[PDB]
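Next up: a single chain in structure tokens, the form solved without the partner chain.
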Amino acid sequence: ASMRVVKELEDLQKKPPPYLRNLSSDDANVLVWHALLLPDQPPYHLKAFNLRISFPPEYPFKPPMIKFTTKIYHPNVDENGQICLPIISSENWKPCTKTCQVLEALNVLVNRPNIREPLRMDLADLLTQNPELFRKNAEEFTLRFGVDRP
């Protein structure tokens, strides 16, 4: 798995997408990566958010795991930074899927909230019922906990 992952990481580090910065593996574990996500959706565009990508031994035959380590106020990220990213679902996971697609899809998850299957139902309700109050809450939380935007 390490060999495939290093090839993937190497390609991503040389051709990074604009919304991913500082892509790097863990000191001695090439199966854990760290990166900053730079979302464009207001008010998330003000900061960046660190994520941890963990690759299983069986990769690419089992999906990677992704969580945020930076606190984020979002209906589709829980308070421990877990997400339900459809593309890496054990159900949807296909061994042809590359991590560049997975990160692109994560970028989508953050930029386009899905109020239909949220991890934080009260935030989804708020986002729908009073989007301005949601934006105020999210902005405050973003400015408080977000990582400085590269």
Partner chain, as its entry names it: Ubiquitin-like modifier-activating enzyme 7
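Positions refer to the first chain, counted from 1.
Across the two stretches, 32 to 40 and 88 to 96, the PDB entry reports the greater mean Cα temperature factor for 88 to 96. Checked against the record, the higher mean CA B factor of 22 to 30 and 77 to 85 lies with 22 to 30.
In the PDB entry, a CA B factor belonging to the highest third of its chain's modelled residues is recorded for residue 58.
In this PDB entry, residue 119 carries a Cα temperature factor that places it within the middle third of its chain's modelled residues. Among the modelled residues of its chain, residue 12 has a C-alpha B-factor that falls in the highest third, as given in the PDB entry.
If you look for the form solved in complex with the partner chain, you will not find it shown, but the lines that follow are about it.
The partner chain is not drawn, but in the entry with it bound it has no heavy atom within 4.5 Å of residue 144. Not displayed here, the partner chain is kept clear of residue 108 by more than 4.5 Å at the level of heavy atoms in the entry with it bound. Although the partner is absent here, residue 84 sits close enough that one of its heavy atoms falls within 4.5 Å of the partner chain in the entry with it bound.
Contact check for residue 46: no non-hydrogen atom falls within 4.5 Å of the partner chain in the entry with it bound. Contacts to the partner chain in the entry with it bound (heavy atom within 4.5 Å) from stretch 1 to 24: 2, 3, 6, 7.
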